[PDB]
Amino acid sequence: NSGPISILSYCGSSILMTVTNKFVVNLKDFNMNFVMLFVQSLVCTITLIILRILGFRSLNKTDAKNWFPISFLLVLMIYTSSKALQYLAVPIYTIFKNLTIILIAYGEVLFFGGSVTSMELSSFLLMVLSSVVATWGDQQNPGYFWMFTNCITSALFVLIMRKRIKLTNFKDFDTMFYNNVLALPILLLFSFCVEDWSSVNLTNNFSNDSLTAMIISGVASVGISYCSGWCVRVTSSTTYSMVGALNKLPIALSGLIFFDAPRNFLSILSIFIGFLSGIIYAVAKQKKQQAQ
Amino acid sequence: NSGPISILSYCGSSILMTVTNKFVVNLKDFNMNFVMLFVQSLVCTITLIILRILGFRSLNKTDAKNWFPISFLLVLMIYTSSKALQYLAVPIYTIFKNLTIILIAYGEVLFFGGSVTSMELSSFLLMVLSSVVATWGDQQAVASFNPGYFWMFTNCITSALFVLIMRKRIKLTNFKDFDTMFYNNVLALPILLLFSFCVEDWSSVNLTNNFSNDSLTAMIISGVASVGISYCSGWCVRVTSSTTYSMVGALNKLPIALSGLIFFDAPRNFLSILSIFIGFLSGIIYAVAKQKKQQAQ
Ligand SMILES: Nc1nc2c(ncn2[C@@H]2O[C@H](COP(=O)(O)OP(=O)(O)O[C@H]3O[C@H](CO)[C@@H](O)[C@H](O)[C@@H]3O)[C@@H](O)[C@H]2O)c(=O)[nH]1
Ligand SMILES: CCCCCCCC/C=C\CCCCCCCC(=O)OC[C@H](O)CO
Ligand SMILES: CCCCCCCC/C=C\CCCCCCCC(=O)OC[C@H](O)CO
């Protein structure tokens, strides 16, 4: 586990999680989003514990209270992100979620000090265009405030995890385990603070059937769980933040091939612009090694 | 005459020419652009000879047939723009004309061999955003769409083939300013009358009534201001870089657009403003890029 294998790994799970959540679990637009994530991180936790007794990990209290900010950034990342999409459109959220990419690249400079290649700067802007270009080819204040929060919480999150990982020599699995376990409590705070619970009404909603999807989702979410922390650790907090935005293209590109859906050339340019953005960013990484 | 002083000259001239064509001569959208522009190239021609005898330039036959493409490239650059602008909105025309900056920067690779700094690449992409961002912040048979984009594809290359070749033949023929100004004005004058019959419709019973003593007087007014840009356009490309002239020219319209928000109580859009300040960022990156290029060697 090192090198570009991280990125190919992150794809299959984000590819698996996108398909599986839309093919395996049809209409996963549940009443309580955090509960699905609570299981996705809980089914992930159980899966690891089964693996410890068949051979991976460790348990501390010194590292423990230093990771809680990361998890708290995660759930807040979702709460802010979840709240952004309530008042915001999907394409524009990508634009700001793509604008977050830049600061994350320059946020790594404040945690590790590296320089942002002028070529890397070009790639991110192309995603911005590919983001805007796609946005300009579609239709549909409260939102922007939460997106201003998602941009920062998603940044401080992916940044800090990468910090504490290399600080506590957290090998993979270790990253996965702590993020799954420590998020479990915080989700119950936001699950109780945000969702509506009613034993008269919702106790019937997520019945014996629905949980099958939430656990099915968790098993598929196992991939993304392990690979996210593996990507940030080996490569860069920028690399993980970039691949996440790039993934939706082959998924979006798959949506145009595998589907007879009304399209627009503007939408296509965005996807191919995003594809270009990777090539520049892919080559940009090359110029860092060769130059130095 | 050298260095960034060129840019202010090309800027001030493009700015003075913008006002003079829009405030002093309102409805500068004439029925026959080539004749209006033919005068602008004639007053420059007339203007130059008076200075030729008051002190700058030269006339050849070896230079002549190597310069004819520029005037033809120059006038053709306009005809494509005029015909492109018929089917396209002002902001969208801006986007592609800013995309030519990329090829022009990379067209220089085919003409002189310099490298396009990744930092330079950043600016050009940003210019796209300030252009793209503004377009998304605006209002306005398929076979009617495409005719514009088609005419724009030619303007983009002729706009490239134009400023590119001139800068080469300029540095090849040591064309000092005026020479750049003179030759493009002189050799273009005939082509302008060429396009005058090729495009315009003439009717002395009807069109003779259009260009009256007011409008006819105006056609000279615009040329008087265009003396700057004419001398400064070729001055800009020569001293700095064929990219710089293609960049500063695109940069100029920001402060004029910024004037529209300040000097005017006009409905605005934050997107429009973001675009403009995005453009300023575009310059600063390009300014540093030029700064990092000269510093390196
Ligand atoms: N470290 C860690 N990360 C996790 C875990 N579980 C989920 N994540 C991460 O939480 C994020 C949210 O999950 P996804 O729904 O898979 O998001 P996505 O595929 O990355 O897509 C995002 O960008 C798209 C545009 O490119 C958007 O369309 C999408 O809505 C979302 O914002 C992802 O980055 C995922 O890797 C876990 O246990 N641990
Ligand atoms: C509602 C909209 C809200 C506002 C939307 C804003 C969009 C901002 C876009 C791009 C910013 C790019 C910033 C680039 C800063 C670079 C500074 C720097 O340090 O550059 C060094 C680099 O190496 C030089 O190549
Ligand atoms: C509304 C439309 C918006 C769409 C906008 C689309 C822009 C695409 C145009 C040009 C790509 C220019 C990038 C060319 C690739 C540069 C490669 C490079 O610099 O390579 C150096 C390499 O490392 C060897 O040294």
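By Swiss-Prot numbering, chain B shows 19-73, 77-161, 177-333, in order.
Structure method, as recorded: X-ray crystallography, 3.6 Å.
Using the three backbone atoms N, Cα and C, a Cβ is placed for every residue, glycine included.
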Inset, instruction - Annotation N-linked glycosylation site in Swiss-Prot: match it to one of B:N81, B:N242, please. - result: B:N242
Inset, instruction - Answer with yes or no whether Swiss-Prot records B:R203 and B:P303 within the same membrane-side topological domain. - result: no
Inset, instruction - Determine, using Cα-Cα distances only, which of these glycosylation sites is closest to B:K289 (GDP-alpha-D-mannose binding site): B:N119, B:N242, B:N246, B:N249. - result: B:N119
Inset, instruction - Could you tell me what the rest of the chain brings near the transmembrane segment (B:93-113), counting residues at least six beyond its ends with Cβ under 8 Å? - result: 51-52, 55, 152, 155-156, 159, 161, 180-181, 183-185, 187-188, 190-191, 194-195, 197-198, 201, 220, 224, 227-228, 230-231, 235
Legend entry - Recorded stretch that, among B:52-72, B:120-140, B:216-236, has the most CB pairs under 8 Å to the transmembrane segment (B:305-325): B:120-140
Inset, instruction - Using all protein chains in view, find how many other C-beta atoms are within 10 Å of the C-beta of B:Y281 (GDP-alpha-D-mannose binding site). - result: 25
Legend entry - Flanking Cα pair B:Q161 / B:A177, between which 15 residues have no modelled coordinates, distance in Å: 16
Inset, instruction - Would you kindly check B:120-140, B:181-201, B:280-300 and say which stretch has the most C-beta pairs under 8 angstroms to the transmembrane segment (B:253-273)? - result: B:280-300
Inset, instruction - Mind giving me a neighbour count for B:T279 (GDP-alpha-D-mannose binding site)? Other Cβ atoms within 10 Å of its Cβ, every protein chain shown. - result: 27
